[PDB]
Amino acid sequence: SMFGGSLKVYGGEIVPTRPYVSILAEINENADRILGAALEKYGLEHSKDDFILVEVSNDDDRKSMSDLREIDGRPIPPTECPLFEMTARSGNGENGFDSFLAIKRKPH
């Protein structure tokens with residue numbers, strides 16, 4: 001297995017035409033950098049406070065019929081580094097690397 005150094009980031013809720021994007025991120029960087037990287041890809045970094053990162057598990061479709069489509073996960077503010085917990089377990093869709101990190105709108 002490999003870390004890759006890149007993250008599969010899903011932001012379809014923000015930009016439907018680009019639901020999946022690839023960003024560069026190290027495990028030791030906080031969500032601010034990770035969010036900023038992805039958000040920068042959409043060219044919306046100025047509006048960062050309107051978005052946060054959320055960990056969505058692949059199997060959350062059981063929990064919520066919302067599926068991976070609308071995104072549902074744990075709120076991860078810019079000051080938190082989620083990769084530590086993700087890569088640690090590196091498995092099991094819940095709190096591991098089998099879960100992906102997506103972008104959600106902070107405000108509702």
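Cut-offs applied
- Numbers attached to residues count from 1 within each chain as its sequence is written and can disagree with those in the entry; no residue without coordinates is shown.
- Excluding hydrogens and water, the side-chain figures rest on all heavy atoms present in the structure.
- A run of DSSP states H or I qualifies as a helix once it reaches four residues; a run of E qualifies as a strand once it reaches two. Both are numbered from the N-terminal end.
- Any two residues whose heavy atoms approach within 4.5 Å are treated as being in contact.
- Here, nonpolar core means buried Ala, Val, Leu, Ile, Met, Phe, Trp, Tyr and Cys residues that are tied together by side-chain atoms lying within 4.5 Å of each other.
- When accessible area is computed with a 1.4 Å probe and restricted to protein chains, residues below 20% of their type maximum are described as buried, those above 50% as exposed, and intermediate ones as partly exposed.
- We call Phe, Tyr and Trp rings a pair once their centres come within 6.5 Å, taking the six-membered ring for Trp, and we label the pair stacked below 30 degrees between planes, edge-to-face above 60, and tilted otherwise.

The record lists solution NMR as the method behind this PDB entry.

The protein chain has the name Protein AFD-1, isoform a in the PDB entry, where Caenorhabditis elegans is given as its organism. Listed in the archive, the entry goes by the title "Solution structure of the putative Ras interaction domain of AFD-1, isoform a from Caenorhabditis elegans".

Engineer: Would you mind showing me how to read the environment of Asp50 here?
Structural biologist: Within the secondary structure, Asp50 is located in the loop between α1 (31–41) and β3 (51–57). When the C-alpha atoms of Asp50 and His108 are compared, they prove to be 9.5 Å apart, with 58 residues separating the residues in sequence. Those residues in contact with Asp50 that lie beyond four places of it in its chain are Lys104, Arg105, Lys106 and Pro107.

Engineer: Explain the environment of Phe3 to me, please; I cannot follow it from the model alone.
Structural biologist: Following the sequence through the fold, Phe3 ends up in the segment before β1 (6–10). With 79 residues separating them along the chain, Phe3 and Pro82 place their C-alpha atoms 14 Å apart. Each residue touching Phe3, except ones within four places of it in the same chain, is listed here: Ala25, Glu26, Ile27, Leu83, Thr87 and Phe97.

Engineer: Help me out: how do you make sense of the nonpolar core in this one?
Structural biologist: If you look at soluble globular proteins, the nonpolar side chains tend to sit buried side by side. Counting residues in hydrophobic clusters, the biggest one holds 20 residues, and the most contacted among them are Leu7, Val9, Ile23, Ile34, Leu53 and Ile103. Looking at this core, the elements with two or more residues in it are β1, β2 (20–24), α1, β3, α2 (83–89) and β5 (99–105). Considering every element that reaches this core, the biggest residue donor is α1, with six residues. If you look at the next biggest cluster of nonpolar residues, it comprises six residues, including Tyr10, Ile71, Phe100 and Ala102.

Engineer: Sorry if this is basic, but what is going on with α1 here?
Structural biologist: At 3.6 residues per turn, the α-helix brings residues three or four places apart onto the same side. Every buried residue of α1 is listed here: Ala31, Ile34, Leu35, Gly36, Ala37, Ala38 and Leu39. If you follow the buried residues of α1, they end up packed against β1, β2, β3, β4 (74–76), α2 and β5. Looking at the residues trailing α1, positive phi occurs at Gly43, about 70 degrees.

Engineer: I'm lost on the packing of aromatic side chains in this one. Help?
Structural biologist: Within a pair of aromatic rings, the relevant descriptors are the distance that separates the centres and the angle that separates the planes. Overall, the coordinates contain three aromatic pairs when judged by the stated rule. With 4.7 Å between their ring centres and 45 degrees between their planes, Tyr10 and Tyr20 make a pair best called tilted. Of this pair, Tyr10 sits in strand β1 while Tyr20 is found in strand β2, placing the two residues ten residues apart along the sequence. Judged by its relative accessible area of 10%, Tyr10 is buried.

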